[PDB]
Amino acid sequence: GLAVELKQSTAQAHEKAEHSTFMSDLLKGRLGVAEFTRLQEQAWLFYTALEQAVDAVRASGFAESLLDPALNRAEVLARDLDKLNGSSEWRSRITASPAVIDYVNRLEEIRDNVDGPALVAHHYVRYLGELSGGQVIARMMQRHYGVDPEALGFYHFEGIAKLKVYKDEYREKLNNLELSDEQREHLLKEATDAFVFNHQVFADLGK
Ligand code: HEM
Ligand code: NA
């Protein structure tokens with residue numbers, strides 16, 4: 001089933017992602033709110049690009065049940081960032097890192113070419129990752145740095161009653177998505193590429 005193959009084909013990359021210098025330092029309480037904020041600003045840029053690609057691919061009729069609009073993060077993130085930065089000025093001030101530029105370019109390609117299987121891979125990497133682990137990151141931002149949970153709405157999914165039931169449903173949706181052999185190989189390749197993009201974002205953030 002595709003869910004298991006996605007997990008297994010990216011397991012090594014997931015492990016590298018848990019041990020990136022920036023993300024490891026952040027979660028162990030060795031950085032600070034400033035660094036968490038920089039993370040969230042870059043995330044806002046790529047979630048914005050991701051959600052345009054989602055919208056396009058959903059509109060095309062591909063993977064519609066998987067592409068649940070309750071997952072959308074960009075607007076919630078912007079409200080977090082308003083709280084973290086003290087105003088809405090950051091929107092006009094932030095600049096994409098080179099890795100974020102590259103990720104945003106790929107997401108815009110996926111959007112404009114309506115690359116459904118690519119989009120689903122990036123959807124899995126982002127949303128199932130935040131569904132799974134985002135609770136932990138949020139708890140640690142609060143515990144290590146005193147971030148108010150009002151600035152942690154990104155890690156809370158309001159439209160989702162029960163996360164464990166949700167993740168099971170999501171995996172089952174992956175398992176039922178009708179794909180040609182070539183579309184499936186592309187989806188799996190793209191999931192690897194999504195982690196590499198993520199790894200380069202964290203790399204830039206630690207530099
Ligand atoms: C930032 C880059 C990360 C990405 C893109 C990401 C992505 C993912 C994905 C896609 C899954 C689902 C695996 C599956 O069941 O198919 C997952 C699970 C998980 N993630 Fe990550 N992850 C990242 C970082 C982290 C970090 C730093 C931690 C440690 C706090 C973490 C903790 C976990 C744990 C414990 C699970 C197991 C399932 C669960 O907790 O419900 N992740 N992640
Ligand atoms: Na291209």
# chains A, B, ... in the order shown; residues from 1 in each chain; ligands from 1

$ residues_around --residues "stretch 189-197 of chain A" --least-positions-apart "2" --cutoff "9 Å" --atoms "only C-alpha atoms" --output "list in words"
residues 6, 9, 10, 13, 14, 17, 99, 100, 102, 103, 117, 118, 119, 120, 121, 122, 123, 124, 125, 126, 184, 185, 186, 187, 199, 200, 201 and 202 of chain A

$ residues_near_ligand --ligand "ligand 2" --cutoff "10 Å" --atoms "only C-alpha atoms and all ligand atoms" --output "list in words"
residues 105, 106, 107, 108, 109, 110, 112 and 113 of chain A

$ write_last_selection --atoms "N, CA and C atoms" --output "CSV table (one decimal), in the first residue's frame"
chain,number,residue,atom,x,y,z
A,105,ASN,N,9.4,27.7,-6.3
A,105,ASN,CA,9.5,27.5,-7.8
A,105,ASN,C,8.9,26.1,-8.2
A,106,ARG,N,9.3,25.1,-7.4
A,106,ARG,CA,8.8,23.7,-7.7
A,106,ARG,C,7.3,23.6,-7.5
A,107,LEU,N,6.8,24.3,-6.4
A,107,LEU,CA,5.4,24.2,-6.1
A,107,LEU,C,4.6,25.0,-7.1
A,108,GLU,N,5.2,26.1,-7.6
A,108,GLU,CA,4.5,26.8,-8.7
A,108,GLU,C,4.5,26.0,-10.0
A,109,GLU,N,5.6,25.3,-10.3
A,109,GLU,CA,5.6,24.3,-11.4
A,109,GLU,C,4.5,23.3,-11.3
A,110,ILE,N,4.3,22.7,-10.1
A,110,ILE,CA,3.3,21.7,-9.8
A,110,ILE,C,1.9,22.3,-10.0
A,112,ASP,N,1.1,25.1,-11.9
A,112,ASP,CA,0.9,25.5,-13.3
A,112,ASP,C,0.8,24.3,-14.3
A,113,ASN,N,1.5,23.2,-14.0
A,113,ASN,CA,1.4,22.0,-14.8
A,113,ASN,C,0.4,21.0,-14.3

$ residues_around --residues "stretch 156-170 of chain A" --least-positions-apart "6" --cutoff "8 Å" --atoms "only C-alpha atoms" --output "ChimeraX atom specification"
/A:66,70-71,128,131-132,135

$ write_last_selection --atoms "C-alpha atoms" --output "PDB file, in the first residue's frame"
ATOM      1  CA  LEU A  66      -7.330  13.893   0.401  1.00  0.00           C
ATOM      2  CA  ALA A  70      -9.429  22.184   6.831  1.00  0.00           C
ATOM      3  CA  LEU A  71      -5.722  21.438   6.507  1.00  0.00           C
ATOM      4  CA  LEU A 128       0.908  14.392   7.606  1.00  0.00           C
ATOM      5  CA  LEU A 131      -0.487  16.158  11.948  1.00  0.00           C
ATOM      6  CA  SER A 132       1.956  13.640  13.346  1.00  0.00           C
ATOM      7  CA  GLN A 135       2.003  18.823  18.605  1.00  0.00           C
TER       8      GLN A 135
END

$ closest_residue --among "A:2, A:77, A:34, A:104" --to "residue A:52" --atoms "only C-alpha atoms"
A:104

$ closest_residue --among "A:50, A:179, A:101, A:174" --to "ligand 1" --atoms "only C-alpha atoms and all ligand atoms"
A:174

$ closest_residue --among "A:142, A:85, A:176, A:72" --to "residue A:40" --atoms "only C-alpha atoms"
A:85

$ atom_distance --atom1 "atom CA of residue A:47" --atom2 "atom CA of residue A:75"
9.4 Å

$ select_by_dssp --residues "stretch 1-167 of chain A" --states "alpha helix (DSSP H)" --output "PyMOL selection string"
chain A and resi 2-9+11-18+21-27+33-60+74-85+90-93+98-112+116-123+129-145+163-167

$ closest_residue --among "A:147, A:152, A:54, A:31" --to "residue A:127" --atoms "only C-alpha atoms"
A:54

$ residues_around --residues "residue A:56" --least-positions-apart "4" --cutoff "7 Å" --atoms "only C-alpha atoms" --output "MDAnalysis selection string"
chainID A and resid 52 60 111 114

$ closest_residue --among "A:3, A:26, A:57, A:11" --to "residue A:138" --atoms "only C-alpha atoms"
A:26

$ closest_residue --among "A:207, A:79, A:73, A:171" --to "ligand 1" --atoms "only C-alpha atoms and all ligand atoms"
A:171

$ atom_distance --atom1 "atom CA of residue A:64" --atom2 "atom 5 (C, counted along the ligand's line) of ligand 1"
21.9 Å
